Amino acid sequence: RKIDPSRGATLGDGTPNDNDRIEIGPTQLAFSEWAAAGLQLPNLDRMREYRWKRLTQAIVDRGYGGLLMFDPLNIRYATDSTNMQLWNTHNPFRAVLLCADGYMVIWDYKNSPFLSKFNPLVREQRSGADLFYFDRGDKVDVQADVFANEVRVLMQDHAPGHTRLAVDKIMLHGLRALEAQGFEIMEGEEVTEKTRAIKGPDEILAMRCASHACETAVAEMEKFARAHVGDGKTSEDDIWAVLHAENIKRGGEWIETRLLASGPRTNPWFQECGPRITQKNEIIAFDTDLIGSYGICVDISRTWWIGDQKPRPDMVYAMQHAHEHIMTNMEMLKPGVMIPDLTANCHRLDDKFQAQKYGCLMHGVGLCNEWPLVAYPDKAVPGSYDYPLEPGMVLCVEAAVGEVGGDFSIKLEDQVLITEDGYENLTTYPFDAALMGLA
């Protein structure tokens, strides 16, 4: 019945050593690689408790009575329970209520109430929070009233006297039913984003594991790419598919974008991974945007030169410039620095790269891309992110470098932890030596 014969009743992360358990997670492949790498495993119970305590405190601090979550990523933060995450993202069938006294209720898919029972912090498993046309047709409104009354009763019993209810995102039928029950609806994302921005110690351990699994997956992809780019039939999709499979093999969950592109399709950036047949002596650039092991997002970007010739000198300069961009901007990071000061003091890209530079120079990361967004000075809005960095924040540091009308771009990105007195770059993946001008 054990999935790992070499261990006792529990796995290294404290979960049941049971091949037949309901709960999923990292595979034996991932665990094996992490152990060989000397990575400490998170304790999931302590992690779940940390997140829950923190989210409750956030509600209390704002003087709210509760927080109601329909975003699958917020539900994942609150409960660590998944259920058809990707379907859930555009079908709001699921909901979690967390009250000011810490009492937490989930409304799950009717047929699957068992999916969150591994987490005892989830005190109740209900159903009927699915308020959208596919699931209920012309009778959404009736159930919206049933649900909103349930939320009223829960709030009466667990947040008496509170009328402020924070909601991340809710269908209009739901919004109106809640307001009909006398709730003042507050901005749920302001609560969830600032809570999720600070990782506890187990989250950081989990993230270290996911990063390692991601870098392993990327290394398989680079091996495949260098092995058969230019063979006349290997597509962008063929290469990218390796990342998909190696992620899933290690217990990863999905990939957020299609940001892999070859040759002239790298400029302008944001062209999507497709059928293009790759060529010898061309750039390939990509962004992992990966929801990986333990559901942790690993967001890094690399640019490869593949071929028998040397890359052009303008390619080497661009690569070196981008690398300088993220290493300079990274060095600004430490606790107490104000986010708009990052914007104001950031490394200056050459004029010819300014037009097509990235949408931010940094952003938060956790279970996916997260607050804060650190804009370049010409896009930054005063009063949008007037907050200081704190230990436990994790920021991805970005560079997109390419000219208007040019035939290539560089994309680089590392994932960086804020520590007690500075920063630690979590990303160890190599930079292409030819593009760096070192080979």
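For every residue, the number given is its place in the sequence shown, counted from 1.
Once the C-alpha B-factors are averaged per stretch, 96-104 and 304-312 rank with 304-312 first. Comparing 224-232 with 74-82, the stretch with the higher mean C-alpha B-factor in the PDB entry is 224-232. Highest C-alpha temperature factor among 160, 188, 252, 364 per the entry: 160. The PDB entry gives the largest Cα B-factor of the residues 270, 132, 118, 286 to 118. In the PDB entry, a CA B factor belonging to the lowest third of its chain's modelled residues is recorded for residue 256. Among all modelled residues in its chain, residue 376 ranks in the middle third by Cα B-factor. In the deposited entry, the Cα temperature factor of residue 390 sits in the middle third of values across the chain's modelled residues.
In this PDB entry, residue 57 carries a Cα temperature factor that places it within the middle third of its chain's modelled residues. In the PDB entry, residue 403 places in the highest third of its chain by CA B-factor.
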